[PDB]
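Below you'll find only one chain, the form deposited in one PDB entry, shown as structure tokens.
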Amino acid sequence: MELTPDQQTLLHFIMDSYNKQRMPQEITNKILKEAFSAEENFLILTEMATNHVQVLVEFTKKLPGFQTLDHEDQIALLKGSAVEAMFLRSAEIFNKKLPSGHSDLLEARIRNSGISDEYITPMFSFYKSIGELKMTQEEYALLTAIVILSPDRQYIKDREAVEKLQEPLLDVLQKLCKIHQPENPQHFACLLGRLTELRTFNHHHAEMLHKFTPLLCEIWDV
């Protein structure tokens, strides 16, 4: 079992643009240096979530065929996926990108930001659940692209055009599972499991909602 030249090209495009993004040093310094208060910790999450939306727009633009979509649907896709993309990237950073001791300081700030435990508890549970799957970078990059290119978001004029962009990504992701996990025929079903979990975070987030960044206010419709 192997990826066709077409699936390889499409995968290489997703991977390249996914690796382009990174956490700013200017943010990393705040995690280390800024005061440990509910106001200061909430301000750090605001900075991190804003940077993520900017990184999410750069990734989204480079998605094969995204630019061929109607300009209005491009906005509805960005708005519909922002929250889910944030939680998936948050899971990635938690299980990967941060040093052992720095992650503890970040967790300390996420748990002391004045956000209720009825939301903080399923959040860390979700990161832990993602961590258990031991997802490769290709899986993180494909899941993020599938999340963004969801044909079932509200206010999309041409859903069929979006279906045509997402279906090839689900085909690549399923084929990668068959190639790398042939002994785990439930691996693809587990990844789809995280996609449904991610969708509950839209409900948790709206209930979760100090005024936020313009980039956040607009992409969340608050």
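Just so we're on the same page, rigid core means the largest C-alpha set that superposes within 1.5 Å between forms. Throughout, we count residues from 1 along the sequence that is shown.
Look at the C-alpha B-factors of 52-60 and of 30-38. On average they run higher in 30-38. Taking the mean C-alpha B-factor of each stretch as recorded, 124-132 and 142-150 are not equal, and the higher mean is that of 124-132. For residue 200, the recorded CA temperature factor ranks within the middle third of the chain's modelled residues. Ranked against the other modelled residues of its chain, the C-alpha B-factor of residue 181 as given in the entry falls in the highest third. Annotation for residue 96: C-alpha temperature factor in the highest third relative to the rest of the modelled chain, per the entry. In this PDB entry, residue 102 carries a Cα temperature factor that places it within the highest third of its chain's modelled residues.
Remark: residue 169 belongs to the lowest third of its chain, ranked by C-alpha B-factor as recorded.
If you look for the form deposited in another entry, you will not find it shown, but the lines that follow are about it.
In the core-superposed comparison between the shown form and the other one, residue 89 has its Cα shifted by less than 2 Å.
Fitting the two forms on the rigid core leaves the C-alpha of residue 170 displaced by under 2 angstroms between the shown form and the other one. Here residue 152 does not count as shifted, since its C-alpha moves by less than 2 Å between the shown form and the other one after the core is aligned. Note: the CA-CA distance for residue 100 and residue 141 expands in the other entry relative to this form, by 3 angstroms or more. Relative to this form, in the other entry the C-alpha atoms of residue 25 and residue 139 approach one another by 3 angstroms or more.
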